[PDB]
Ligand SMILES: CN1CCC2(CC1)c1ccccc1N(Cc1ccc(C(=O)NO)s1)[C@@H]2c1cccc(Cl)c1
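Only one chain is included here, represented as structure tokens and corresponding to the form deposited without the named molecule.
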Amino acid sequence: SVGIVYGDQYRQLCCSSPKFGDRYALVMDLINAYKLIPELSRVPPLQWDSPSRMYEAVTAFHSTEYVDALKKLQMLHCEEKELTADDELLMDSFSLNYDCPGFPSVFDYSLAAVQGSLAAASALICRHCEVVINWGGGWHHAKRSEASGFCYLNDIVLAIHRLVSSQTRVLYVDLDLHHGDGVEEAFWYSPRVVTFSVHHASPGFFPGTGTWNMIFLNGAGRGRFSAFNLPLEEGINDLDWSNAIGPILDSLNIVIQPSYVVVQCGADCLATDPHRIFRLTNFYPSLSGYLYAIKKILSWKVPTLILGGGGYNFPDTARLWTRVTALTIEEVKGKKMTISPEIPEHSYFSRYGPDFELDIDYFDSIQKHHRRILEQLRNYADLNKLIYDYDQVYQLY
């Protein structure tokens, strides 16, 4: 069974931010226009018995002082009066400024993604769903006491923490254009949560990590060799990104044998994203790199959490996430999900113009990374006393 996080209030909150606007409504209404909703189990966002219970849940990762500053930021932004000099200093000390500004629903908006991803982790734990999708989540940059790249609360870390605390090993796969720094850092010292981020990295490109350090860092203490990274040069197409990631994913699965897989599916790798870095598509016959990776992960038959993330071309993010959703139903249930290449009529139909089609409107260094990663995987397996066939893994690359 495939679950999807949705709710009336959830949709209102996920649509309340200045950066992501109505993106979540476009994604959910396109999935609905394509008649996918009757094939999915609605997973309600988690709600708490009291403010103390909510604080206990969020503070499993975030500091109380940061959560307090985030809630104060919402309160201050619900008042006409400008912030005092003292409050400006307090907010800057948590990086609650710049690409992480305040807005009237900043706390409710941030908390909603945590509510959705924690409920999605619970549905996997109780075996109600084999896979759960949360297009309102995937806020990979948020740190313990710091907002970063429009991520205020780290719903991923919190969902993984719920999964690990459920012998349990979690594999985290981050497909976003940006390095999954917040998640990687949270589990830097933990061998039980293996993190893998594929992303662009170049001088001055956000956040600056997931690449050669001035050496390639990969975790510390008992978590040494547990944080995997594949930085890629700009312009990579569906096929080359699929071949660069494919052997890594299969190798991680074979060696780690994860109990759960958590996938961040940021849509900013799309050729049509305004970042204009990678040339990935949502094409499903070249085959979308996203659809290739998700199909591979799903073939493992491991309980999986699929989350959103980046994606600044709202109708193109909806086009991709609708295809990921339909593919998830197909792979899990074995039921063919035929999707018309024409966008069906609905509320947001006008946003898919002027052509109104489902396909997005688009027409060696890796070998050295593969050898380095294989060696890191062997090192991780030896440190963690894991049994694996080296020849079976080496042959994958």
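Numbering starts at 1 and follows the sequence shown.
This next part talks about the form solved in complex with the named molecule, which is not shown.
Peer 1: Should this chain be marked open or blocked when the named molecule, placed as in the deposited bound form by superposing the nearby C-alphas, has its atoms checked against backbone and C-beta atoms at 2.4 Å, with 3 or more hits meaning blocked?
Peer 2: Here the answer is open - the superposed ligand has no atom within 2.4 Å of any backbone or C-beta atom.
Peer 1: Check for me: heavy atom within 4.5 Å of the named molecule in the deposited bound form, for each of 188, 211 and 229, yes or no.
Peer 2: Heavy-atom distance to the named molecule in the deposited bound form: all three under 4.5 Å.
Peer 1: Here the chain is shown alone; which of 78, 217, 90, 254 has a heavy atom within 4.5 Å of the named molecule in the deposited bound form?
Peer 2: That would be 217.
Peer 1: Only one of these stretches, 179 to 187, 233 to 241, 110 to 118, 82 to 90, has heavy atoms within 4.5 Å of the named molecule in the deposited bound form; which one is it?
Peer 2: Contact criterion met by 179 to 187 only.
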